[PDB]
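Heads up, the thing below is written out as structure tokens.
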Amino acid sequence: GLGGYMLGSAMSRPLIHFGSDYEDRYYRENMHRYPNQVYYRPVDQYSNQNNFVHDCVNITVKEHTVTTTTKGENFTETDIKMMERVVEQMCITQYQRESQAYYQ
């Protein structure tokens with residue numbers, strides 16, 4: 001269905017904290033297990049951030065999980081937490097960038 005969407009070219013990874021130094025590696029070493037892009041629609045027709053991010057996270061984390069399970073990989077509950085937060089941060093980033101270029 002992502003023909004009816006947009007996909008961002010490769011993004012920054014933020015360095016999200018979680019609460020253990022163990023998790024600093026469980027994120028940082030593991031970055032390649034989480035997406036480097038996010039799927040969306042632009043601010044055209046869909047000027048909100050809330051359901052924009054929540055649906056970007058739905059679409060992207062679903063699609064990325066399928067793309068994992070079709071390769072017989074899996075994700076821990078912590079992996080979903082990271083994924084969700086990175087994916088939200090990357091979506092927020094893109095939307096804030098295009099929103100600012102609209103707010104001008």
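Labels used: A, B, ... for chains in the order of the structure tokens, numbers from 1 for residues in each chain, and numbers from 1 for ligands as shown.
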
Give the strand (DSSP E or B) residues of chain A, as assigned by DSSP on the backbone, as an MDAnalysis selection string. chainID A and resid 6:7 39:40

Find the residues around residue 90 of chain A up to 10 Å (only C-alpha atoms counted), leave out those fewer than 5 positions away in its own chain, and share them as an mmCIF file with C-alpha atoms, in the first residue's frame.
```cif
data_model
loop_
_atom_site.group_PDB
_atom_site.id
_atom_site.type_symbol
_atom_site.label_atom_id
_atom_site.label_comp_id
_atom_site.auth_asym_id
_atom_site.auth_seq_id
_atom_site.Cartn_x
_atom_site.Cartn_y
_atom_site.Cartn_z
ATOM 1 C CA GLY A 8 12.068 9.231 3.746
ATOM 2 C CA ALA A 10 18.022 7.367 5.158
ATOM 3 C CA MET A 11 17.842 9.257 8.437
ATOM 4 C CA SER A 12 19.976 10.103 11.430
ATOM 5 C CA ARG A 13 19.747 7.643 14.324
ATOM 6 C CA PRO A 14 19.137 9.518 17.607
ATOM 7 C CA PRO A 35 14.888 0.773 10.441
ATOM 8 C CA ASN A 36 17.039 3.629 9.025
ATOM 9 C CA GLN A 37 14.008 5.268 7.262
ATOM 10 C CA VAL A 38 10.293 5.858 8.148
ATOM 11 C CA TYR A 39 7.083 5.708 6.037
ATOM 12 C CA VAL A 53 3.410 9.875 14.237
ATOM 13 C CA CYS A 56 3.837 6.244 10.983
ATOM 14 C CA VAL A 57 4.861 4.018 13.933
ATOM 15 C CA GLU A 84 8.640 2.756 18.370
ATOM 16 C CA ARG A 85 10.723 5.636 19.839
ATOM 17 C CA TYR A 95 7.338 16.445 9.959
ATOM 18 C CA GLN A 96 8.993 19.289 11.929
#
```

If you run DSSP on this backbone, which residues of chain A come out as alpha helix (DSSP H), and could you give them as a PyMOL selection string? chain A and resi 21-28+50-69+77-103

I need the residue nearest residue 19 of chain A from this list: A:103, A:49, A:94, A:82. Use only C-alpha atoms for the distance. A:82

Selected residue of minimal separation from residue 80 of chain A among A:33, A:100, A:55, A:67, counting only C-alpha atoms: A:33
